[PDB]
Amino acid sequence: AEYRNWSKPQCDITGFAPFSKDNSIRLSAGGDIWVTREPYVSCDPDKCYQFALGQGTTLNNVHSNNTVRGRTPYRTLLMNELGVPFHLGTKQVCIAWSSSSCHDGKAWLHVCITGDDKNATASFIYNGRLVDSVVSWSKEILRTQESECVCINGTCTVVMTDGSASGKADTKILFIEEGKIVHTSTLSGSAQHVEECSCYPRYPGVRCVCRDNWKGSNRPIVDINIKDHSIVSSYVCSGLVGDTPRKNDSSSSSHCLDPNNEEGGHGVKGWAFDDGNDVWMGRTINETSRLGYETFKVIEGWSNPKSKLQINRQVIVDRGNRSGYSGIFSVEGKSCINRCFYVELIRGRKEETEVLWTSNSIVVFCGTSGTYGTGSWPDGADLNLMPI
């Protein structure tokens, strides 16, 4: 049982093939399911696990009312094997209203954040025990990735941000070894605002496509060297921009170094990855609202901020159906590292007033070298008929 090095070439990708769906909300209309948001997927060397931030309630439960609030003391990080819905026998791995997790090849690491808005604690749990913890540094809603962290040769990296959701905030990259924070680097380079990174192994370092909640509707890239703890940052060149909200396809623009100052305020967790000078990326179909989800390859979109040339569009979720967050994760094949992605399908408040609650289901696709068709895999539930 050795540490993961991720030192294989990236797999060829022609687009994505369906992988998993949990049907969470449809199951809750007739069963006991955890209320959740901020879901994500991560895998040990054998199998993939699904993760979410619980609201310390099930759905057909009085405590469901007001689960739109995203920081309560009852939020726990749930962990099942992938495709096992979050039923009552699901294990709550830590107290977290914000988190991240990764397996280094030997054990699970879990970065968990709970407490008061202005004085939060982040806990680091490795191989089933608490190993370290750190205070909020800027005393303003300390938060992390909401998707998998990445470990290389024993060292795990995680990007955390404390500070304003709409001005310069303070972002750090922690390097954890077996639960212990061994080094902390601060954000450097040109990305002006970073949130909810979707990171992946790009041997010999780590790459992150994040969220800019301030001036940018293009996406910040962050590049972590694991050996000397140096950090560079920039933006996803691509003329077609990953964030929501944003400008429409014709109107939009980007920039390889700065935020585009286009609709920038607010955002969503999303992902992207290089393919030579091309970029594979997903996004909500609608530019303003979290409806629908699509993916495509942008030719020259990693190095040309003028490129708007998309090939291989797939609809994952049709524009009439709600979506949400999304993030990457990497699965090691025999010869190559695959990239896969999960999409959050949010139902309930405040967009939908049919119910009093707010939760999600997920859907998961993995890259493929093979061939694929079409279809739309949305959440499914009829809220007109749900509990109360």
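Residue numbers run from 1 along the displayed sequence.
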{"query": "Stretch with the higher entry mean CA B-factor, where the candidates are 331 to 339 and 348 to 356", "finding": "348 to 356"}
{"query": "Comparing 80 to 88 with 295 to 303, the one whose average Cα B-factor in the PDB entry is higher", "finding": "295 to 303"}
{"query": "Residue selected from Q145, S289, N213, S136 by maximal Cα B factor", "finding": "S289"}
{"query": "Given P259, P204, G128, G115, the residue at which the Cα B factor reaches its maximum", "finding": "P259"}
{"query": "Modelled-residue ranking by C-alpha temperature factor, third containing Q314", "finding": "middle"}
{"query": "Position of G264 among the chain's modelled residues by C-alpha B-factor, lowest, middle or highest third", "finding": "highest"}
{"query": "Record-listed C-alpha B factor of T58: chain third", "finding": "middle"}
{"query": "Ranked C-alpha temperature factor of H193 among modelled chain residues, by third", "finding": "highest"}
{"query": "Third of chain Cα B-factors occupied by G375", "finding": "middle"}
